[PDB]
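Engineer: Handing you a structure now.
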Protein chains: 2
Amino acid sequence: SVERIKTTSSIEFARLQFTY
Amino acid sequence: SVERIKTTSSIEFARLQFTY
């Protein structure tokens with residue numbers, strides 16, 4: 001089966017992850 | 001008297017508050 005990945009417009013969660 | 005609450009499109013101030 002085939003699907004589409006939905007991407008959030010906000011990367012700041014991952015940047016907060018990196019900083020923390 | 002009634003009014004409408006205006007919400008900012010950016011939540012990262014509160015997330016920075018939490019992390020800090």
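Residue numbering restarts at 1 in every chain; chains get A, B, ... in the order shown in the structure tokens, and ligands count up from 1 in that same order.
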If we count only C-alpha atoms and set the cut-off at 9 Å, which residues sit around segment 10-16 of chain A, ignoring sequence neighbours fewer than 4 positions away in its own chain? Please answer as a ChimeraX atom specification.

Structural biologist: /A:20 /B:12,15-16,19

Engineer: Just need chain B moved onto chain A: least-squares over all Cα atoms matched in order, then output as a short mmCIF file (atom, residue, chain, number, x, y, z; two decimals) with N, CA and C atoms, in the first residue's frame.

Structural biologist:
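Wrote it out as out.cif, contents follow:
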```cif
data_model
loop_
_atom_site.label_atom_id
_atom_site.label_comp_id
_atom_site.auth_asym_id
_atom_site.auth_seq_id
_atom_site.Cartn_x
_atom_site.Cartn_y
_atom_site.Cartn_z
N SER B 1 0.70 -1.16 0.12
CA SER B 1 -0.14 0.04 0.04
C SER B 1 0.70 1.30 0.20
N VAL B 2 0.33 2.34 -0.54
CA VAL B 2 1.07 3.59 -0.54
C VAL B 2 0.30 4.63 0.26
N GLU B 3 1.03 5.62 0.77
CA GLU B 3 0.46 6.68 1.60
C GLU B 3 1.27 7.95 1.39
N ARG B 4 0.83 9.03 2.02
CA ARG B 4 1.52 10.31 1.97
C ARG B 4 1.89 10.75 3.37
N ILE B 5 3.15 11.15 3.55
CA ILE B 5 3.64 11.60 4.85
C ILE B 5 3.22 13.05 5.07
N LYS B 6 2.64 13.33 6.23
CA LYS B 6 2.22 14.67 6.59
C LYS B 6 3.28 15.30 7.48
N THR B 7 3.77 16.47 7.08
CA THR B 7 4.85 17.16 7.78
C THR B 7 4.30 18.39 8.48
N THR B 8 4.63 18.54 9.76
CA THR B 8 4.25 19.74 10.49
C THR B 8 5.02 20.95 9.97
N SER B 9 4.40 22.12 10.08
CA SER B 9 5.03 23.37 9.66
C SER B 9 5.99 23.93 10.70
N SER B 10 6.06 23.32 11.87
CA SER B 10 6.85 23.82 13.00
C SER B 10 7.98 22.85 13.29
N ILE B 11 9.22 23.33 13.17
CA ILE B 11 10.40 22.52 13.48
C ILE B 11 10.92 22.78 14.89
N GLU B 12 10.40 23.79 15.58
CA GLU B 12 10.95 24.22 16.86
C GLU B 12 10.82 23.18 17.96
N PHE B 13 9.96 22.17 17.80
CA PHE B 13 9.96 21.08 18.76
C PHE B 13 11.29 20.33 18.72
N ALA B 14 11.81 20.06 17.52
CA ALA B 14 13.08 19.37 17.40
C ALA B 14 14.25 20.26 17.83
N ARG B 15 14.16 21.56 17.57
CA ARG B 15 15.22 22.47 18.01
C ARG B 15 15.24 22.59 19.53
N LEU B 16 14.06 22.63 20.15
CA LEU B 16 13.98 22.58 21.61
C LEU B 16 14.54 21.27 22.13
N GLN B 17 14.23 20.16 21.45
CA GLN B 17 14.83 18.88 21.82
C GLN B 17 16.35 18.95 21.80
N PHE B 18 16.91 19.52 20.73
CA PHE B 18 18.36 19.62 20.62
C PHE B 18 18.94 20.47 21.75
N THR B 19 18.38 21.66 21.97
CA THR B 19 18.91 22.56 22.99
C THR B 19 18.81 21.94 24.38
N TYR B 20 17.65 21.35 24.69
CA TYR B 20 17.45 20.75 26.00
C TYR B 20 18.38 19.57 26.20
#
```

Engineer: Among chain A, which ones does DSSP place in helix (DSSP H, G or I), written as a PyMOL selection string?

Structural biologist: chain A and resi 12-19

Engineer: Can you write just those residues out, N, CA and C atoms, as an mmCIF file, in the first residue's frame?

Structural biologist:
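The result, written out as part22.cif:
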```cif
data_model
loop_
_atom_site.group_PDB
_atom_site.id
_atom_site.type_symbol
_atom_site.label_atom_id
_atom_site.label_comp_id
_atom_site.auth_asym_id
_atom_site.auth_seq_id
_atom_site.Cartn_x
_atom_site.Cartn_y
_atom_site.Cartn_z
ATOM 1 N N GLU A 12 10.320 23.764 15.557
ATOM 2 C CA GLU A 12 10.880 24.227 16.823
ATOM 3 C C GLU A 12 10.815 23.179 17.918
ATOM 4 N N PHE A 13 9.947 22.177 17.787
ATOM 5 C CA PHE A 13 9.952 21.087 18.754
ATOM 6 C C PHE A 13 11.279 20.335 18.720
ATOM 7 N N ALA A 14 11.792 20.057 17.519
ATOM 8 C CA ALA A 14 13.065 19.357 17.398
ATOM 9 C C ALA A 14 14.234 20.240 17.817
ATOM 10 N N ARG A 15 14.148 21.545 17.564
ATOM 11 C CA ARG A 15 15.209 22.451 17.995
ATOM 12 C C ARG A 15 15.233 22.579 19.515
ATOM 13 N N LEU A 16 14.054 22.628 20.142
ATOM 14 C CA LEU A 16 13.980 22.577 21.597
ATOM 15 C C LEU A 16 14.535 21.263 22.123
ATOM 16 N N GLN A 17 14.235 20.157 21.439
ATOM 17 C CA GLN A 17 14.825 18.874 21.804
ATOM 18 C C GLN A 17 16.346 18.949 21.788
ATOM 19 N N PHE A 18 16.913 19.508 20.717
ATOM 20 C CA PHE A 18 18.366 19.610 20.609
ATOM 21 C C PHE A 18 18.945 20.460 21.736
ATOM 22 N N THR A 19 18.369 21.644 21.960
ATOM 23 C CA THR A 19 18.896 22.544 22.985
ATOM 24 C C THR A 19 18.797 21.919 24.372
#
```
